[PDB]
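*Asks:* So that you have it, the file is start-v5.txt, and it contains compact mmCIF, C-alpha atoms and all ligand atoms:
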# COMPACT_ATOMS: atom_id res chain seq x y z
CA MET A 1 -163.30 -25.14 145.66
CA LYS A 2 -164.40 -24.46 142.12
CA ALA A 3 -163.04 -26.37 139.18
CA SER A 4 -160.51 -24.50 137.13
CA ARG A 5 -159.74 -24.30 133.48
CA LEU A 6 -156.22 -23.95 132.23
CA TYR A 7 -155.13 -20.88 130.35
CA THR A 8 -151.89 -19.35 129.29
CA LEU A 9 -150.68 -15.81 129.16
CA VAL A 10 -147.53 -14.79 127.38
CA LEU A 11 -145.72 -11.52 127.89
CA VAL A 12 -143.32 -10.63 125.16
CA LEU A 13 -140.96 -8.60 127.28
CA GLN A 14 -137.83 -7.10 125.82
CA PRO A 15 -135.34 -4.90 127.66
CA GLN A 16 -137.18 -1.68 127.01
CA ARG A 17 -140.56 -2.66 125.68
CA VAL A 18 -143.40 -5.10 126.01
CA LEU A 19 -145.74 -6.30 123.30
CA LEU A 20 -149.38 -6.35 124.25
CA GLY A 21 -152.49 -7.14 122.34
CA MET A 22 -155.60 -5.03 122.34
CA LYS A 23 -158.89 -6.86 122.25
CA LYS A 24 -160.62 -5.47 119.20
CA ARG A 25 -164.08 -7.10 119.29
CA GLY A 26 -166.62 -8.19 121.85
CA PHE A 27 -167.25 -6.75 125.27
CA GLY A 28 -164.02 -5.75 126.91
CA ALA A 29 -162.72 -4.38 123.62
CA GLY A 30 -160.01 -1.86 124.24
CA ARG A 31 -158.11 -3.81 126.93
CA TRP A 32 -154.45 -4.60 126.42
CA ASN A 33 -153.32 -8.02 127.47
CA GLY A 34 -150.66 -10.57 126.98
CA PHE A 35 -151.31 -13.34 124.50
CA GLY A 36 -152.82 -16.65 125.37
CA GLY A 37 -155.84 -18.77 125.69
CA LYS A 38 -157.10 -22.12 126.75
CA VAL A 39 -154.74 -25.04 127.00
CA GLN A 40 -155.93 -27.83 124.78
CA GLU A 41 -156.09 -31.53 125.37
CA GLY A 42 -152.78 -33.33 125.10
CA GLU A 43 -150.42 -30.34 125.04
CA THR A 44 -148.18 -29.17 127.80
CA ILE A 45 -148.96 -25.81 129.25
CA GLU A 46 -145.84 -24.30 127.75
CA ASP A 47 -146.68 -25.71 124.35
CA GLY A 48 -150.17 -24.32 124.68
CA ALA A 49 -148.66 -20.95 125.49
CA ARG A 50 -146.43 -21.13 122.45
CA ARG A 51 -149.34 -22.20 120.31
CA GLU A 52 -151.59 -19.42 121.51
CA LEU A 53 -148.83 -16.87 121.06
CA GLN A 54 -148.42 -17.98 117.46
CA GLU A 55 -152.15 -18.22 116.76
CA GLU A 56 -152.93 -14.87 118.30
CA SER A 57 -149.91 -12.80 117.28
CA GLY A 58 -148.06 -14.71 114.61
CA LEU A 59 -144.95 -14.80 116.74
CA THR A 60 -143.01 -17.92 117.37
CA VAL A 61 -140.43 -18.53 120.04
CA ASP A 62 -138.20 -21.49 120.71
CA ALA A 63 -138.69 -21.23 124.47
CA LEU A 64 -140.87 -19.58 127.03
CA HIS A 65 -140.00 -18.98 130.67
CA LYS A 66 -142.70 -19.53 133.24
CA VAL A 67 -142.92 -16.51 135.47
CA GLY A 68 -146.16 -16.81 137.35
CA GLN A 69 -149.49 -18.38 137.89
CA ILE A 70 -152.63 -16.47 138.56
CA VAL A 71 -156.05 -17.79 139.36
CA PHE A 72 -158.96 -15.63 138.39
CA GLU A 73 -162.38 -15.97 139.86
CA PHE A 74 -165.30 -14.05 138.48
CA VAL A 75 -168.49 -13.51 140.40
CA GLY A 76 -171.20 -15.36 138.64
CA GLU A 77 -168.93 -17.80 136.86
CA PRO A 78 -168.51 -21.40 137.97
CA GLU A 79 -164.97 -22.01 137.01
CA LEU A 80 -161.72 -20.50 138.00
CA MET A 81 -159.30 -19.49 135.32
CA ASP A 82 -155.91 -20.94 136.11
CA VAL A 83 -153.57 -18.77 134.13
CA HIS A 84 -150.00 -19.81 133.63
CA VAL A 85 -147.89 -16.83 132.80
CA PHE A 86 -144.84 -16.97 130.61
CA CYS A 87 -142.35 -14.56 129.26
CA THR A 88 -140.68 -14.87 125.87
CA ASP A 89 -136.95 -15.36 125.43
CA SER A 90 -136.25 -14.42 121.79
CA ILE A 91 -139.23 -13.82 119.51
CA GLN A 92 -139.23 -14.54 115.75
CA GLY A 93 -141.26 -12.65 113.40
CA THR A 94 -143.41 -9.66 113.47
CA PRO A 95 -146.65 -9.46 115.33
CA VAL A 96 -149.72 -9.53 113.17
CA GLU A 97 -153.01 -7.75 113.72
CA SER A 98 -156.04 -9.95 113.39
CA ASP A 99 -159.73 -9.18 113.47
CA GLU A 100 -159.64 -9.95 117.20
CA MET A 101 -156.35 -8.47 118.40
CA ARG A 102 -154.16 -5.52 117.57
CA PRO A 103 -150.60 -5.89 118.79
CA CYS A 104 -148.62 -2.99 119.96
CA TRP A 105 -145.25 -2.41 121.59
CA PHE A 106 -145.14 -0.24 124.67
CA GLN A 107 -142.03 1.17 126.18
CA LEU A 108 -141.55 0.05 129.74
CA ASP A 109 -142.08 3.58 131.00
CA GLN A 110 -145.41 3.62 129.17
CA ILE A 111 -147.00 0.40 130.33
CA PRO A 112 -150.70 1.03 129.75
CA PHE A 113 -151.87 -0.22 133.12
CA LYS A 114 -155.07 1.80 133.08
CA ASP A 115 -156.09 -0.06 129.93
CA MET A 116 -154.96 -3.48 131.12
CA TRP A 117 -156.70 -5.95 133.37
CA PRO A 118 -156.63 -4.40 136.84
CA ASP A 119 -154.65 -7.27 138.24
CA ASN A 120 -151.77 -6.46 135.92
CA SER A 121 -150.91 -3.43 138.02
CA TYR A 122 -150.14 -5.77 140.86
CA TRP A 123 -148.16 -8.55 139.25
CA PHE A 124 -146.60 -7.05 136.17
CA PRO A 125 -144.23 -5.00 138.37
CA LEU A 126 -143.00 -8.27 139.83
CA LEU A 127 -142.50 -9.70 136.38
CA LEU A 128 -140.45 -6.63 135.46
CA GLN A 129 -138.23 -7.21 138.49
CA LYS A 130 -137.63 -10.80 137.35
CA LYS A 131 -139.65 -12.06 140.26
CA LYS A 132 -141.93 -15.05 139.99
CA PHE A 133 -145.35 -14.93 141.51
CA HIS A 134 -148.53 -16.68 142.40
CA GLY A 135 -151.69 -14.69 142.44
CA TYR A 136 -155.41 -14.94 142.80
CA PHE A 137 -157.90 -12.29 141.95
CA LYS A 138 -161.65 -12.32 142.37
CA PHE A 139 -163.43 -9.95 140.07
CA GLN A 140 -166.89 -8.59 139.95
CA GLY A 141 -167.19 -7.99 136.25
CA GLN A 142 -164.16 -6.73 134.35
CA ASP A 143 -163.04 -3.85 136.55
CA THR A 144 -163.59 -4.54 140.23
CA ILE A 145 -161.40 -6.71 142.38
CA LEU A 146 -163.17 -7.97 145.48
CA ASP A 147 -160.34 -10.08 146.86
CA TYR A 148 -156.88 -10.93 145.80
CA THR A 149 -153.72 -12.53 146.96
CA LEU A 150 -150.29 -12.16 145.51
CA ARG A 151 -147.00 -13.61 146.58
CA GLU A 152 -143.55 -13.63 145.20
CA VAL A 153 -142.35 -17.20 144.95
CA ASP A 154 -138.98 -18.73 144.27
CA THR A 155 -140.48 -21.48 142.13
CA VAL A 156 -143.66 -21.09 140.15
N1 LIG B 201 -157.55 -10.81 134.69
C1 LIG B 201 -156.76 -11.16 133.66
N2 LIG B 201 -155.51 -10.70 133.57
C2 LIG B 201 -154.67 -10.98 132.54
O1 LIG B 201 -153.56 -10.40 132.55
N3 LIG B 201 -155.03 -11.82 131.56
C3 LIG B 201 -156.26 -12.33 131.69
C4 LIG B 201 -157.17 -12.02 132.68
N4 LIG B 201 -158.31 -12.70 132.48
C5 LIG B 201 -158.09 -13.41 131.35
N5 LIG B 201 -156.86 -13.19 130.89
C6 LIG B 201 -156.19 -13.79 129.74
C7 LIG B 201 -155.88 -15.27 129.98
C8 LIG B 201 -155.85 -15.82 128.58
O2 LIG B 201 -154.66 -15.44 127.93
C9 LIG B 201 -157.01 -15.06 127.97
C10 LIG B 201 -158.34 -15.77 128.15
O3 LIG B 201 -158.40 -16.85 127.25
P1 LIG B 201 -159.42 -16.84 126.07
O4 LIG B 201 -160.81 -16.84 126.63
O5 LIG B 201 -158.85 -15.81 125.16
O6 LIG B 201 -159.09 -18.28 125.50
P2 LIG B 201 -159.19 -18.78 124.00
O7 LIG B 201 -158.56 -17.76 123.06
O8 LIG B 201 -158.64 -20.15 124.09
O9 LIG B 201 -160.81 -18.85 123.85
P3 LIG B 201 -161.54 -18.75 122.41
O10 LIG B 201 -160.97 -17.52 121.76
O11 LIG B 201 -163.02 -18.67 122.71
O12 LIG B 201 -161.16 -20.06 121.78
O13 LIG B 201 -157.09 -13.82 128.66
NA NA B 202 -157.09 -15.76 123.57
NA NA B 203 -157.61 -21.11 122.03
Represent the supplied structure as structure tokens.
*Replies:*
Amino acid sequence: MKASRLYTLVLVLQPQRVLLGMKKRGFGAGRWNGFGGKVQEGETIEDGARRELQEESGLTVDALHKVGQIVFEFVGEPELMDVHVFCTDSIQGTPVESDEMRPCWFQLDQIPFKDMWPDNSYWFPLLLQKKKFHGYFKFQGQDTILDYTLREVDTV
């Protein structure tokens, strides 16, 4: 089994809308995603999620709720991405566009799945139902899933 690197993903999910960030630069530009990044040495995963949310969007939160964990495998890449997925409780602030990310709220009847990572179509419905999940997705490139597993869990 490959080594895995820890990442976070934060979904700012309100009753009728979700905040996503559009990757502005680099390959993959134009995809909407939650906020997050690599966990750093010495921080808890949740603190890394809070930190990345703030660094990427400007938003702070007092607490995050862990809602899922998803492992991504990419053909041609040695490491798995172990993504710990959190949802926000009560955000502070306004989201800020950076050179790398444009934030945007989407109503929950307008979730832009076709412009999100393909896996999101599978697990974000569970998140919306207040279900917790574990997933794994193996991608060839950015668009093609070759294998995946997904399970609702009681405890992430
Ligand atoms: N298939 C996928 N589905 C998804 O919903 N989010 C994914 C994803 N693949 C990657 N991500 C998320 C996980 C994490 O939030 C982010 C990847 O982390 P990054 O490479 O952005 O980390 P960092 O911002 O720490 O790296 P640097 O910007 O180089 O420092 O993209
Ligand atoms: Na990031
Ligand atoms: Na980072």
*Asks:* Which protein, DNA or RNA residues have an atom within 7 Å of ligand LIG 201 (chain B), counting all atoms listed in the file, as a PyMOL selection string?
*Replies:* chain A and resi 7-9+33-39+72+83+117-120
*Asks:* Quick one: residues within 12 Å of residue A:156, all atoms listed in the file counted, chain neighbours fewer than 3 positions away excluded, as a PyMOL selection string?
*Replies:* chain A and resi 65-70+83-86+131-135+151-153
*Asks:* Between A:13, A:25, A:71, A:55, which has the minimum distance to ligand NA 202 (chain B) (counting only C-alpha atoms and all ligand atoms)?
*Replies:*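 For ligand NA 202 (chain B), the nearest of the candidates is A:55.
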*Asks:* Rounded to one decimal in Å, what is the spacing between atom CA of residue A:154 and atom CA of residue A:4?
*Replies:*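 Computing the Euclidean distance for atom CA of residue A:154 and atom CA of residue A:4 yields 23.4 Å.
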*Asks:* Go through A:89, A:109, A:52, A:147 one by one, measure the shortest atom-to-atom distance of each to ligand NA 202 (chain B) using all atoms listed in the file, and give the residue with the smallest value.
*Replies:*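 Checking each candidate against ligand NA 202 (chain B), we get A:52 as the closest.
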*Asks:* For ligand NA 202 (chain B), which of A:97, A:56, A:46, A:41 is the closest residue, counting all atoms listed in the file?
*Replies:* A:56
*Asks:* So which one's closest to residue A:88, A:110, A:14, A:44, A:140? Using all atoms listed in the file, please.
*Replies:* A:14
